[PDB]
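Asker: This is the content of target-v9.cif (mmCIF, N, CA and C atoms):
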data_data
#
loop_
_atom_site.label_atom_id
_atom_site.label_comp_id
_atom_site.auth_asym_id
_atom_site.auth_seq_id
_atom_site.Cartn_x
_atom_site.Cartn_y
_atom_site.Cartn_z
N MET G 51 -17.21 63.09 97.09
CA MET G 51 -16.09 62.42 97.80
C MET G 51 -14.89 62.26 96.84
N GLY G 52 -13.69 62.62 97.33
CA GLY G 52 -12.47 62.59 96.53
C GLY G 52 -11.46 63.62 97.02
N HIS G 53 -10.72 63.27 98.09
CA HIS G 53 -9.67 64.14 98.67
C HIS G 53 -8.43 64.13 97.76
N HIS G 54 -8.53 64.87 96.65
CA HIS G 54 -7.50 64.93 95.61
C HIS G 54 -7.74 66.19 94.77
N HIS G 55 -7.09 67.29 95.17
CA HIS G 55 -7.19 68.58 94.47
C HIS G 55 -6.49 68.51 93.10
N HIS G 56 -7.04 69.23 92.12
CA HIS G 56 -6.37 69.46 90.83
C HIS G 56 -5.14 70.36 91.05
N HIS G 57 -4.06 70.09 90.29
CA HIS G 57 -2.82 70.86 90.37
C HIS G 57 -3.04 72.27 89.78
N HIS G 58 -2.40 73.29 90.38
CA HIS G 58 -2.50 74.67 89.91
C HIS G 58 -1.83 74.83 88.53
N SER G 59 -2.65 74.72 87.48
CA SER G 59 -2.25 75.03 86.10
C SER G 59 -2.37 76.55 85.85
N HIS G 60 -1.99 77.00 84.64
CA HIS G 60 -2.11 78.42 84.24
C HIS G 60 -3.60 78.81 84.05
N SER G 61 -4.27 79.12 85.17
CA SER G 61 -5.71 79.40 85.21
C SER G 61 -6.05 80.32 86.39
N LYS G 62 -6.88 81.34 86.12
CA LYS G 62 -7.50 82.20 87.16
C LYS G 62 -8.23 81.32 88.18
N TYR G 63 -8.93 80.30 87.65
CA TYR G 63 -9.85 79.43 88.41
C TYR G 63 -9.09 78.47 89.34
N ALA G 64 -8.02 77.84 88.80
CA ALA G 64 -7.16 76.93 89.57
C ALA G 64 -6.49 77.65 90.75
N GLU G 65 -6.11 78.92 90.51
CA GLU G 65 -5.49 79.79 91.53
C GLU G 65 -6.55 80.31 92.51
N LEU G 66 -7.72 80.66 91.98
CA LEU G 66 -8.84 81.24 92.76
C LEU G 66 -9.34 80.23 93.80
N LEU G 67 -9.42 78.97 93.37
CA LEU G 67 -9.76 77.84 94.23
C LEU G 67 -8.66 77.61 95.28
N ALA G 68 -7.39 77.67 94.83
CA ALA G 68 -6.20 77.44 95.68
C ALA G 68 -6.09 78.49 96.80
N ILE G 69 -6.56 79.71 96.51
CA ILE G 69 -6.62 80.81 97.48
C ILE G 69 -7.71 80.53 98.53
N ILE G 70 -8.94 80.28 98.07
CA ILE G 70 -10.13 80.19 98.94
C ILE G 70 -10.09 78.94 99.86
N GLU G 71 -9.53 77.82 99.36
CA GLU G 71 -9.32 76.59 100.17
C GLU G 71 -8.28 76.83 101.29
N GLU G 72 -7.38 77.80 101.06
CA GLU G 72 -6.36 78.21 102.04
C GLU G 72 -7.01 79.07 103.14
N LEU G 73 -7.77 80.10 102.72
CA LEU G 73 -8.46 81.07 103.60
C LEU G 73 -9.34 80.40 104.67
N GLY G 74 -9.87 79.19 104.36
CA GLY G 74 -10.71 78.42 105.28
C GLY G 74 -9.93 77.84 106.45
N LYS G 75 -8.65 77.54 106.19
CA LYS G 75 -7.71 77.02 107.19
C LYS G 75 -7.36 78.10 108.23
N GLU G 76 -7.12 79.34 107.75
CA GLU G 76 -6.61 80.45 108.57
C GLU G 76 -7.68 81.11 109.44
N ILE G 77 -8.94 80.62 109.36
CA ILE G 77 -10.04 81.13 110.20
C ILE G 77 -9.83 80.76 111.67
N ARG G 78 -9.46 79.48 111.91
CA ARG G 78 -9.24 78.95 113.27
C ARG G 78 -8.19 79.81 114.05
N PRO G 79 -6.91 80.00 113.55
CA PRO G 79 -5.92 80.86 114.25
C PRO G 79 -6.33 82.36 114.30
N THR G 80 -6.98 82.90 113.24
CA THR G 80 -7.48 84.31 113.24
C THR G 80 -8.46 84.55 114.41
N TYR G 81 -9.43 83.63 114.54
CA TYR G 81 -10.40 83.62 115.64
C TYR G 81 -9.71 83.41 117.01
N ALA G 82 -8.58 82.67 116.99
CA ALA G 82 -7.77 82.40 118.20
C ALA G 82 -6.80 83.56 118.52
N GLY G 83 -6.99 84.73 117.86
CA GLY G 83 -6.22 85.94 118.14
C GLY G 83 -4.78 85.88 117.62
N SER G 84 -4.59 85.26 116.44
CA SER G 84 -3.26 85.14 115.80
C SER G 84 -3.15 86.14 114.63
N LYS G 85 -2.19 87.07 114.75
CA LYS G 85 -2.03 88.21 113.84
C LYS G 85 -1.42 87.80 112.48
N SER G 86 -0.67 86.69 112.46
CA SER G 86 -0.07 86.17 111.22
C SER G 86 -1.16 85.58 110.30
N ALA G 87 -2.15 84.91 110.92
CA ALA G 87 -3.27 84.26 110.22
C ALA G 87 -4.21 85.28 109.57
N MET G 88 -4.57 86.34 110.33
CA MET G 88 -5.46 87.41 109.81
C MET G 88 -4.82 88.13 108.60
N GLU G 89 -3.48 88.21 108.60
CA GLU G 89 -2.70 88.75 107.47
C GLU G 89 -2.84 87.87 106.21
N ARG G 90 -2.70 86.53 106.39
CA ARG G 90 -2.83 85.55 105.28
C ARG G 90 -4.28 85.52 104.74
N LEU G 91 -5.22 85.63 105.68
CA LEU G 91 -6.65 85.64 105.41
C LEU G 91 -6.99 86.84 104.51
N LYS G 92 -6.57 88.04 104.93
CA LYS G 92 -6.80 89.28 104.18
C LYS G 92 -6.08 89.26 102.82
N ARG G 93 -4.83 88.75 102.82
CA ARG G 93 -3.95 88.74 101.65
C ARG G 93 -4.61 87.98 100.49
N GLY G 94 -5.11 86.78 100.80
CA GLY G 94 -5.79 85.94 99.84
C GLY G 94 -7.15 86.47 99.45
N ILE G 95 -7.88 87.07 100.40
CA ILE G 95 -9.22 87.64 100.14
C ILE G 95 -9.16 88.75 99.05
N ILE G 96 -8.20 89.67 99.18
CA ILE G 96 -7.97 90.73 98.17
C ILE G 96 -7.44 90.12 96.84
N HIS G 97 -6.49 89.17 96.96
CA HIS G 97 -5.89 88.47 95.79
C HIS G 97 -6.97 87.70 94.98
N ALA G 98 -7.94 87.11 95.70
CA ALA G 98 -9.05 86.35 95.11
C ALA G 98 -9.96 87.29 94.33
N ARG G 99 -10.27 88.45 94.94
CA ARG G 99 -11.12 89.51 94.35
C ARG G 99 -10.49 90.04 93.04
N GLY G 100 -9.14 90.07 93.02
CA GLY G 100 -8.37 90.48 91.84
C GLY G 100 -8.61 89.55 90.65
N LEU G 101 -8.72 88.24 90.92
CA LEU G 101 -8.98 87.21 89.89
C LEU G 101 -10.45 87.25 89.45
N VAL G 102 -11.34 87.57 90.41
CA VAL G 102 -12.78 87.69 90.14
C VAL G 102 -13.05 88.88 89.19
N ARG G 103 -12.33 89.99 89.39
CA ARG G 103 -12.45 91.20 88.55
C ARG G 103 -11.80 91.01 87.17
N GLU G 104 -10.74 90.18 87.09
CA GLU G 104 -10.16 89.74 85.80
C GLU G 104 -11.17 88.88 85.02
N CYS G 105 -11.89 88.03 85.78
CA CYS G 105 -12.89 87.11 85.22
C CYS G 105 -14.18 87.86 84.85
N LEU G 106 -14.52 88.93 85.61
CA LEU G 106 -15.74 89.72 85.39
C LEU G 106 -15.60 90.64 84.17
N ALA G 107 -14.47 91.37 84.09
CA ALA G 107 -14.15 92.25 82.94
C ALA G 107 -14.18 91.48 81.61
N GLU G 108 -13.85 90.18 81.68
CA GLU G 108 -13.89 89.26 80.54
C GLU G 108 -15.33 88.76 80.27
N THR G 109 -15.92 88.09 81.28
CA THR G 109 -17.18 87.32 81.14
C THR G 109 -18.42 88.22 81.01
N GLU G 110 -18.32 89.49 81.44
CA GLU G 110 -19.46 90.43 81.42
C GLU G 110 -19.67 90.97 80.00
N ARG G 111 -18.54 91.19 79.29
CA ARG G 111 -18.54 91.54 77.87
C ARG G 111 -18.94 90.31 77.04
N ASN G 112 -18.49 89.13 77.52
CA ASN G 112 -18.74 87.83 76.87
C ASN G 112 -20.19 87.33 77.14
N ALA G 113 -20.93 88.04 78.02
CA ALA G 113 -22.32 87.70 78.36
C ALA G 113 -23.27 88.65 77.62
N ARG G 114 -23.65 89.79 78.27
CA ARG G 114 -24.57 90.83 77.77
C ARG G 114 -25.02 91.66 78.99
N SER G 115 -24.10 92.48 79.52
CA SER G 115 -24.33 93.26 80.75
C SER G 115 -23.44 94.54 80.73
N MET L 251 -11.03 105.30 93.59
CA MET L 251 -12.17 104.95 94.45
C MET L 251 -13.11 104.01 93.67
N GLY L 252 -12.95 102.69 93.89
CA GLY L 252 -13.69 101.67 93.15
C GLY L 252 -14.65 100.89 94.04
N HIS L 253 -15.57 101.62 94.71
CA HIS L 253 -16.63 101.00 95.55
C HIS L 253 -17.85 100.66 94.68
N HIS L 254 -18.12 101.50 93.66
CA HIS L 254 -19.21 101.28 92.69
C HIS L 254 -18.94 100.00 91.87
N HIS L 255 -19.84 99.02 92.00
CA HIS L 255 -19.81 97.78 91.21
C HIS L 255 -20.68 97.97 89.96
N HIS L 256 -20.63 96.99 89.05
CA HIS L 256 -21.59 96.91 87.94
C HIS L 256 -22.84 96.17 88.39
N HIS L 257 -23.94 96.33 87.63
CA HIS L 257 -25.16 95.55 87.86
C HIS L 257 -24.84 94.07 87.61
N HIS L 258 -24.97 93.27 88.68
CA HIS L 258 -24.55 91.87 88.71
C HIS L 258 -25.25 91.04 87.62
N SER L 259 -24.45 90.64 86.61
CA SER L 259 -24.86 89.73 85.54
C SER L 259 -25.27 88.38 86.13
N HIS L 260 -26.24 87.69 85.49
CA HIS L 260 -26.70 86.36 85.92
C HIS L 260 -25.55 85.32 85.79
N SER L 261 -24.72 85.28 86.84
CA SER L 261 -23.44 84.57 86.88
C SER L 261 -22.99 84.36 88.34
N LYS L 262 -22.23 83.28 88.56
CA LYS L 262 -21.67 82.94 89.87
C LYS L 262 -20.51 83.89 90.24
N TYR L 263 -19.87 84.52 89.22
CA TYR L 263 -18.71 85.44 89.42
C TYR L 263 -19.15 86.74 90.10
N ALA L 264 -20.34 87.22 89.72
CA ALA L 264 -20.95 88.42 90.29
C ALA L 264 -21.28 88.20 91.78
N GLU L 265 -21.90 87.04 92.06
CA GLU L 265 -22.20 86.59 93.44
C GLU L 265 -20.90 86.38 94.24
N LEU L 266 -19.88 85.85 93.55
CA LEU L 266 -18.55 85.53 94.10
C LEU L 266 -17.83 86.80 94.58
N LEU L 267 -17.93 87.87 93.77
CA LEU L 267 -17.41 89.20 94.10
C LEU L 267 -18.04 89.70 95.41
N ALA L 268 -19.38 89.64 95.45
CA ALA L 268 -20.20 90.10 96.59
C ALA L 268 -19.83 89.39 97.90
N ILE L 269 -19.48 88.10 97.79
CA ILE L 269 -19.03 87.27 98.92
C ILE L 269 -17.65 87.74 99.40
N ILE L 270 -16.67 87.71 98.49
CA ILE L 270 -15.24 87.85 98.81
C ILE L 270 -14.90 89.25 99.39
N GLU L 271 -15.53 90.31 98.86
CA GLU L 271 -15.37 91.68 99.39
C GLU L 271 -15.93 91.78 100.83
N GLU L 272 -17.03 91.05 101.09
CA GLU L 272 -17.69 91.02 102.40
C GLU L 272 -16.84 90.24 103.42
N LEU L 273 -16.12 89.21 102.92
CA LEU L 273 -15.17 88.42 103.73
C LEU L 273 -14.03 89.30 104.24
N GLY L 274 -13.66 90.32 103.42
CA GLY L 274 -12.69 91.36 103.81
C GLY L 274 -13.09 92.09 105.09
N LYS L 275 -14.40 92.29 105.26
CA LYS L 275 -14.97 92.88 106.49
C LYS L 275 -14.96 91.84 107.62
N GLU L 276 -15.34 90.58 107.30
CA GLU L 276 -15.53 89.49 108.28
C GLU L 276 -14.25 89.16 109.07
N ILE L 277 -13.09 89.55 108.51
CA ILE L 277 -11.77 89.38 109.17
C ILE L 277 -11.73 90.09 110.54
N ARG L 278 -12.29 91.31 110.58
CA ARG L 278 -12.22 92.19 111.76
C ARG L 278 -12.95 91.57 112.99
N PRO L 279 -14.30 91.22 112.91
CA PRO L 279 -15.01 90.60 114.05
C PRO L 279 -14.53 89.15 114.36
N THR L 280 -14.11 88.38 113.33
CA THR L 280 -13.55 87.02 113.53
C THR L 280 -12.28 87.07 114.39
N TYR L 281 -11.34 87.96 114.00
CA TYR L 281 -10.10 88.20 114.75
C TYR L 281 -10.38 88.71 116.17
N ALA L 282 -11.46 89.50 116.32
CA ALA L 282 -11.92 90.02 117.62
C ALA L 282 -12.39 88.89 118.55
N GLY L 283 -12.80 87.76 117.95
CA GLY L 283 -13.28 86.59 118.71
C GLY L 283 -14.80 86.50 118.77
N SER L 284 -15.48 87.10 117.79
CA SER L 284 -16.93 86.97 117.63
C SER L 284 -17.25 85.63 116.94
N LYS L 285 -17.96 84.74 117.67
CA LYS L 285 -18.27 83.37 117.21
C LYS L 285 -19.27 83.38 116.04
N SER L 286 -20.10 84.43 116.00
CA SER L 286 -21.04 84.68 114.90
C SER L 286 -20.30 85.06 113.60
N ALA L 287 -19.14 85.71 113.75
CA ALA L 287 -18.34 86.23 112.63
C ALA L 287 -17.55 85.13 111.91
N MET L 288 -16.89 84.25 112.68
CA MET L 288 -16.13 83.11 112.12
C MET L 288 -17.03 82.17 111.30
N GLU L 289 -18.29 82.05 111.74
CA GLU L 289 -19.32 81.26 111.03
C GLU L 289 -19.75 81.93 109.72
N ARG L 290 -19.86 83.28 109.72
CA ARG L 290 -20.18 84.07 108.50
C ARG L 290 -19.03 83.99 107.47
N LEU L 291 -17.81 84.14 107.98
CA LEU L 291 -16.57 84.11 107.20
C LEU L 291 -16.42 82.74 106.52
N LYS L 292 -16.56 81.67 107.31
CA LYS L 292 -16.41 80.29 106.84
C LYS L 292 -17.53 79.91 105.86
N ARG L 293 -18.76 80.34 106.17
CA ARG L 293 -19.93 80.07 105.32
C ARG L 293 -19.74 80.71 103.93
N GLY L 294 -19.19 81.94 103.94
CA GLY L 294 -18.88 82.67 102.73
C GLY L 294 -17.77 82.02 101.92
N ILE L 295 -16.73 81.54 102.62
CA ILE L 295 -15.54 80.93 102.00
C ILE L 295 -15.89 79.58 101.32
N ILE L 296 -16.63 78.70 102.02
CA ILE L 296 -17.05 77.39 101.46
C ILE L 296 -18.07 77.59 100.30
N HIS L 297 -18.93 78.63 100.42
CA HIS L 297 -19.86 79.03 99.33
C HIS L 297 -19.07 79.49 98.09
N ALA L 298 -18.09 80.37 98.33
CA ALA L 298 -17.24 80.96 97.28
C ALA L 298 -16.44 79.86 96.56
N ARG L 299 -15.88 78.95 97.36
CA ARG L 299 -15.10 77.79 96.90
C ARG L 299 -15.94 76.90 95.97
N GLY L 300 -17.22 76.70 96.35
CA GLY L 300 -18.18 75.94 95.55
C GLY L 300 -18.43 76.59 94.19
N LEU L 301 -18.57 77.94 94.19
CA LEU L 301 -18.79 78.73 92.95
C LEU L 301 -17.61 78.58 91.98
N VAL L 302 -16.39 78.57 92.55
CA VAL L 302 -15.15 78.47 91.79
C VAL L 302 -15.03 77.08 91.14
N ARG L 303 -15.42 76.01 91.88
CA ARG L 303 -15.37 74.63 91.36
C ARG L 303 -16.36 74.42 90.20
N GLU L 304 -17.54 75.07 90.30
CA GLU L 304 -18.57 75.00 89.24
C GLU L 304 -18.04 75.56 87.92
N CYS L 305 -17.37 76.71 88.01
CA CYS L 305 -16.83 77.41 86.84
C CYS L 305 -15.48 76.83 86.39
N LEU L 306 -14.73 76.20 87.32
CA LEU L 306 -13.42 75.56 87.03
C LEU L 306 -13.66 74.32 86.16
N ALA L 307 -14.55 73.44 86.65
CA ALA L 307 -14.94 72.19 85.95
C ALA L 307 -15.54 72.48 84.57
N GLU L 308 -16.28 73.59 84.47
CA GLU L 308 -16.87 74.04 83.20
C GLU L 308 -15.77 74.53 82.22
N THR L 309 -14.76 75.26 82.77
CA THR L 309 -13.57 75.72 82.01
C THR L 309 -12.61 74.53 81.73
N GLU L 310 -12.76 73.44 82.50
CA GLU L 310 -12.00 72.19 82.32
C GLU L 310 -12.53 71.46 81.06
N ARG L 311 -13.84 71.62 80.79
CA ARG L 311 -14.48 71.11 79.56
C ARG L 311 -14.19 72.04 78.37
N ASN L 312 -14.15 73.35 78.66
CA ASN L 312 -13.93 74.41 77.65
C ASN L 312 -12.46 74.44 77.19
N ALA L 313 -11.58 74.93 78.08
CA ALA L 313 -10.12 74.98 77.85
C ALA L 313 -9.50 73.59 78.11
N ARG L 314 -8.42 73.27 77.37
CA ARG L 314 -7.77 71.95 77.44
C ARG L 314 -6.88 71.86 78.70
N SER L 315 -5.74 72.58 78.68
CA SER L 315 -4.80 72.67 79.80
C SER L 315 -4.00 74.00 79.66
#
Transcribe the structure of this file into structure tokens.

Answerer:
Amino acid sequence: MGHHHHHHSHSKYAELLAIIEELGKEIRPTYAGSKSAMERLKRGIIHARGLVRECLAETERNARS
Amino acid sequence: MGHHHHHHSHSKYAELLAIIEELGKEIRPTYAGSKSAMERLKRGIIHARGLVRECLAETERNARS
């Protein structure tokens, strides 16, 4: 419990969270046949994957894989 | 052509990738008005969001600001 998001600092993670919390909102209008919402949904989904691949290229070498 | 992934390292980022790319598909049946699809999309998004908070809070202890 705590309706108080952290501010978007210079971080893959702060942005990655900010994207995915947005994408959950745009499900309702996308399902309701709204073409602007499905665009925002897709836009963030690809943008999020971009941060995940930045984080993977880093953390996979930093792990042992 | 970047469909080939790496062997998923024991990490939430690897699982996170697998979710978010699949959400890219989930846009199509959700927008179509499939009630099963909006539930898959949302389930994936709240799961993904949880993974990001786990690694964000951990990087909050690691990195300063």

Asker: Can you check which parts of chain L lie within 8 Å of chain G? Per residue, the shortest pair of atoms and distance in Å to one decimal, counting all atoms listed in the file, sorted by chain and number, as JSON lines.

Answerer:
{"residue": "L:256", "atom": "CA", "partner": "G:115", "partner_atom": "C", "distance": 7.8}
{"residue": "L:257", "atom": "C", "partner": "G:115", "partner_atom": "CA", "distance": 6.9}
{"residue": "L:258", "atom": "C", "partner": "G:115", "partner_atom": "CA", "distance": 7.3}
{"residue": "L:259", "atom": "CA", "partner": "G:115", "partner_atom": "CA", "distance": 6.0}
{"residue": "L:260", "atom": "N", "partner": "G:115", "partner_atom": "CA", "distance": 7.6}
{"residue": "L:263", "atom": "CA", "partner": "G:102", "partner_atom": "CA", "distance": 6.4}
{"residue": "L:264", "atom": "N", "partner": "G:106", "partner_atom": "CA", "distance": 6.8}
{"residue": "L:266", "atom": "C", "partner": "G:102", "partner_atom": "CA", "distance": 6.8}
{"residue": "L:267", "atom": "CA", "partner": "G:102", "partner_atom": "CA", "distance": 6.3}
{"residue": "L:270", "atom": "C", "partner": "G:95", "partner_atom": "C", "distance": 5.8}
{"residue": "L:271", "atom": "N", "partner": "G:99", "partner_atom": "CA", "distance": 6.4}
{"residue": "L:273", "atom": "C", "partner": "G:95", "partner_atom": "CA", "distance": 6.5}
{"residue": "L:274", "atom": "N", "partner": "G:95", "partner_atom": "CA", "distance": 6.1}
{"residue": "L:277", "atom": "CA", "partner": "G:88", "partner_atom": "CA", "distance": 6.6}
{"residue": "L:278", "atom": "N", "partner": "G:88", "partner_atom": "CA", "distance": 7.9}
{"residue": "L:279", "atom": "C", "partner": "G:81", "partner_atom": "CA", "distance": 7.0}
{"residue": "L:280", "atom": "C", "partner": "G:81", "partner_atom": "CA", "distance": 4.1}
{"residue": "L:281", "atom": "CA", "partner": "G:80", "partner_atom": "C", "distance": 4.0}
{"residue": "L:282", "atom": "N", "partner": "G:81", "partner_atom": "CA", "distance": 6.0}
{"residue": "L:283", "atom": "CA", "partner": "G:81", "partner_atom": "C", "distance": 5.1}
{"residue": "L:284", "atom": "N", "partner": "G:81", "partner_atom": "CA", "distance": 6.5}
{"residue": "L:285", "atom": "N", "partner": "G:81", "partner_atom": "CA", "distance": 7.9}
{"residue": "L:288", "atom": "CA", "partner": "G:77", "partner_atom": "CA", "distance": 6.7}
{"residue": "L:291", "atom": "C", "partner": "G:74", "partner_atom": "CA", "distance": 7.3}
{"residue": "L:292", "atom": "CA", "partner": "G:74", "partner_atom": "CA", "distance": 6.2}
{"residue": "L:295", "atom": "C", "partner": "G:70", "partner_atom": "C", "distance": 6.0}
{"residue": "L:296", "atom": "N", "partner": "G:74", "partner_atom": "CA", "distance": 6.8}
{"residue": "L:298", "atom": "C", "partner": "G:70", "partner_atom": "CA", "distance": 6.8}
{"residue": "L:299", "atom": "CA", "partner": "G:70", "partner_atom": "CA", "distance": 5.9}
{"residue": "L:300", "atom": "N", "partner": "G:67", "partner_atom": "CA", "distance": 7.8}
{"residue": "L:302", "atom": "CA", "partner": "G:67", "partner_atom": "CA", "distance": 6.0}
{"residue": "L:303", "atom": "N", "partner": "G:67", "partner_atom": "CA", "distance": 6.4}
{"residue": "L:305", "atom": "C", "partner": "G:63", "partner_atom": "CA", "distance": 6.5}
{"residue": "L:306", "atom": "CA", "partner": "G:63", "partner_atom": "CA", "distance": 5.4}
{"residue": "L:307", "atom": "N", "partner": "G:63", "partner_atom": "CA", "distance": 7.8}
{"residue": "L:315", "atom": "C", "partner": "G:60", "partner_atom": "N", "distance": 6.2}

Asker: Could you give the RMSD, in Å, left over when chain L is least-squares superposed onto chain G across all Cα atoms paired sequentially?

Answerer: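 It is 1.2 Å.
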
Asker: Give me, please, the distance in Å between atom C of residue 55 of chain G and atom N of residue 108 of chain G, quoted to one decimal.

Answerer: 25.6 Å

Asker: Mind pulling up the distance from atom C of residue 290 of chain L to atom CA of residue 104 of chain G?

Answerer: 24.1 Å

Asker: What gap, in Å, lies between atom C of residue 51 of chain G and atom C of residue 312 of chain L?

Answerer: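 Calculated distance between atom C of residue 51 of chain G and atom C of residue 312 of chain L is 23.2 Å.
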